[PDB]
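Inside the fold
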Amino acid sequence: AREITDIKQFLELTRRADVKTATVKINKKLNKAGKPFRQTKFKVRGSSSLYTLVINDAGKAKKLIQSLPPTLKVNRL
Amino acid sequence: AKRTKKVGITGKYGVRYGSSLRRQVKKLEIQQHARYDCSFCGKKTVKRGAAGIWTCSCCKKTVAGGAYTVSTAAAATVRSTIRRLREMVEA
Amino acid sequence: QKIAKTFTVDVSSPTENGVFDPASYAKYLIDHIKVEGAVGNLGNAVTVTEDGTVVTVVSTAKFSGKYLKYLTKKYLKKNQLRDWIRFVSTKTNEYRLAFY
Amino acid sequence: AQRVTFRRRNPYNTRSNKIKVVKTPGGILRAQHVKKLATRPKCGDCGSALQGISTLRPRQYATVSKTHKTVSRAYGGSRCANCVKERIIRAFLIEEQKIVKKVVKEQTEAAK
Amino acid sequence: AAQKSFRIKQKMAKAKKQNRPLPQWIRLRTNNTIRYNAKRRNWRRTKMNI
RNA sequence: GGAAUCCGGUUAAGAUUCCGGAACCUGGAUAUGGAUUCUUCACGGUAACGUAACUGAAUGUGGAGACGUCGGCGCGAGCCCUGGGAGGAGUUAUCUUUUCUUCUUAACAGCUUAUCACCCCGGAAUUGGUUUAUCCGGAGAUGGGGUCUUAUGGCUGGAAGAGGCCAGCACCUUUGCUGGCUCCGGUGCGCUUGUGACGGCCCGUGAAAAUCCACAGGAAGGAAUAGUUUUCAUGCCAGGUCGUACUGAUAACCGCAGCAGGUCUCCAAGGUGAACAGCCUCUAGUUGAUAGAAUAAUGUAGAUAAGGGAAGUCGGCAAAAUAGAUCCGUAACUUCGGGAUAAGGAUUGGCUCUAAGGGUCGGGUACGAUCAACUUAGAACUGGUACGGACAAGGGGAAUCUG
């Protein structure tokens, strides 16, 4: 119930030792006039709040899932 | 225009109550609903709030007074009596 | 502002079952589409083509998918093809006629 | 035209039983109970609402930090920067007049 | 009533269990003269008066 | 009065209580980070004041809790009305780009958002600003620039994965599986409601306490070879007891009863119409009340009557007549407010036109584009002179006794 806007602040969140799980939600949207694009939502579940990171650039999305820790129970869609 | 001839504010009572009783009400309801000069800021803002209570809008000072006018005829001469009696003490 | 819309009809399924023809159906859209409220004022702003099995309107005037369904349900009522032929959208603005 | 009910067992339209009708993600109307509105804090001298102070119901002032309930001055969330201002004028001039009132009697005891 | 105290809900709990006929094996007992439940209550024939 | 919970789903019957997701509060321990510190207990702003924090006991002060009623105005929410588009259903002798319907976004959280109020610059008569309502200004207006309250709204997270509407395949099955679309507007003396700034009224000025916070005060504890802080962030634990089904009434209550009686309250669609009136419909809910056949008298309820019009009768009892709106015209008397809808007259449909009443945009230091309203007045035509066509809806006057 809280958006995280800094991508490096999102990465320090995943190693906060209560975040056991996360999810990657993909939404088909349009880029404000025409063609569709792929937005992805990186939701980590903390012990008292859910943090969300929206990523519009689908290339930068690919460099982020490899940046996730190997222990996180990532639930794709 | 001039809406009523003589009833004035008391035309809200209509035809009731007896004309001499609506004349004595009109003498005082003009006085209690009028704005008076503030003694303190010199503005005409003092309106009654309740019987004997007279509050000023700006400078917000609330002065106690008569029930329908700010200064009654009795208490004005009282204030000048005690004014006279006090200067017989300092002299 | 000027941009063209395309409303395609799939009349395949009843023409392989004999009840239906697309040529008179393609004719029926021409002499019944109202452009500014009058029939016959089509004039290249709305064209009706017919690919033998795919009827397609290319529209710049006001012409809705609600109006293509209305003119088709009006057509099947004239030719008694209701209770056999339904009008079904399979995608956005790509339509289809159902047999049985 | 979707009529609505109360959600608690108080069926009367009291002060503690206000209703705002809201649309849920189920596409239906449902009433939600709204708490009574917070008043602003008022100044201890002039009575006006004093600015910079958040307006919460009184027990919600224990959940918020110090900077929601204060301004940065003497008499922060108690007086209103103009009653504080006249307080400094009045404290200075009377206590300076008391310095005058000391020595103006020290000439009368020196000349009687 | 529909929002009760426990002392009222306790007295309906007892009077619910007394809302039954005789056990039918009672009538077969030696020298049993009880023919039927003569204290049976119904909600629309006699109110409990709490 | 009051600490704090919402959405979606599930049952034969429970749900703000269960399930999935997502929050918040209280009490409690507590660890790490951020902050503060060599000027020990933070800095910035002229100021209103700002913030991720930024020690503060005794005692004192203050605020919140904490408050009438009515009127009009502004704003919001929901509903209603309406346009395009994307689906579905109905009508189709003829007509109808048509009729109906789905198009939704909770609590909570981050950013932003306002009337009022306040601050700075400036110093106003040729008085200016301004409300629907006339109040404000040298005790500092108009103006330029700002600060705050966050009711409220917008965006994002919650959240599309949910809910909705559809389509295509499957099948004795638990019942599936897979796709789409879920979009952008407009309007208002509309209805309900909340709210704000006001105004009227009172010989009526329209509760209290728990509880919470702030301020003042400076007791006291405090770092430099290292402390201070847990009103900042995250972390951990727990939150007992009792009620929770159903009716709420022409069958669940009280009336000896499954009695035309009585019994407190919330929500509240469309048309006509001033209207929460009557009359008709949508959603939802009923179709319950012993029936069948005949149509005597007399009833009860509803009506109509030629000519006369109270002759009936204790008495115009009962019924009839009148009635809405617009325009005209209104008497005696009066406590001058009234009487008064006095009395008494005229008009009223449908259709086709005319005229007047508005919003927003660009003018360097006279106008035009465009958009959106129902109100009022008039003209022509028309009809078995009808038109408040049903519904709804004053009879009036001249006096006497009396309060």
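- As recorded in the PDB entry, chain C goes by 60S ribosomal protein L22-A and comes from Saccharomyces cerevisiae.
- For this entry, the PDB record gives the title as "Saccharomyces cerevisiae 80S ribosome bound with ABCF protein New1".
- Recorded in UniProt under Subcellular location, the annotation for chain C is "Cytoplasm".

- The name given to chain A in the PDB entry is 60S ribosomal protein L38, with the source organism recorded as Saccharomyces cerevisiae.
- A UniProt comment under Subcellular location is attached to chain A, and it reads "Cytoplasm".
- If you open the UniProt record of chain A and go to Sequence similarities, you find "Belongs to the eukaryotic ribosomal protein eL38 family."

1. Remarks on the protein's contact with RNA strand F
- Residues in contact with RNA strand F amount to 134 residues; listed here are only the nearest, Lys-34 and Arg-82 of chain C together with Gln-51, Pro-58 and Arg-73 of chain D.
- Within 4 Å of the protein, the contacting atoms of RNA strand F are 75% sugar and phosphate, with bases supplying the remainder.
- In this structure, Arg-15 of chain D approaches RNA strand F through a side-chain N or O atom, which is 2.4 Å from a phosphate oxygen.
- For RNA strand F, a phosphate oxygen lies 2.8 Å from a polar atom in the side chain of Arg-59 of chain D.
- Counting residues per element, the surface near RNA strand F draws most heavily on helix α3 (residues 65–78) of chain C, which supplies nine residues.
- Residue classes in the surface near RNA strand F are distributed as 37 nonpolar, 43 polar and 54 charged.

2. Observations regarding a positive patch on the surface
- The grouping of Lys-66, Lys-69, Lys-73, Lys-77, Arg-82 and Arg-86 of chain C at the surface amounts to a positive patch.
- Residue placement: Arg-86 of chain C occurs in strand β6 (residues 86–89).

3. Describing the arrangement of the chains
- Taken together, the two pairs of chains in contact show their highest number of contacts between chains D and E.
- One finds no contact between chain B and chain C; the C-alpha atoms of the two approach each other to within 58 Å at their closest.
- Nowhere do chain A and chain E come into contact; their C-alpha atoms are at least 35 Å apart.

Definitions and cut-offs
Residues numbered from 1 in each chain as written, not as in the entry; some residues may be left out. Chains lettered and ligands numbered in written order. Part of a larger assembly, values for the part shown. Heavy atoms only, no water. Residues with missing side-chain atoms left out of burial classes, pairs and counts. UniProt positions renumbered as here; feature names shortened; annotations may be inferred. Near = heavy atom within 4 Å. Polar contact = N/O pair within 3.5 Å; in protein donor to acceptor, adjacent residues only side chain to side chain. Helix = DSSP H or I, 4+ residues; strand = E, 2+ residues; numbered from the N terminus. Nonpolar A, V, L, I, M, F, W, Y, C, P; charged D, E, K, R; others polar. Patch = residues over 30% accessible without salt bridge, like charges linked within 9 Å, V, L, I, M, F, W, Y side chains within 5 Å. Areas by Shrake-Rupley, 256 points an atom, 1.4 Å probe, with all protein chains shown as cover. Salt bridge = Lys/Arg side-chain N within 4 Å of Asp/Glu carboxyl O. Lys, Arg positive; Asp, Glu negative; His and termini not counted. Charge placed at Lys NZ, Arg CZ, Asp CG, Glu CD. Contact = heavy atoms within 4.5 Å.

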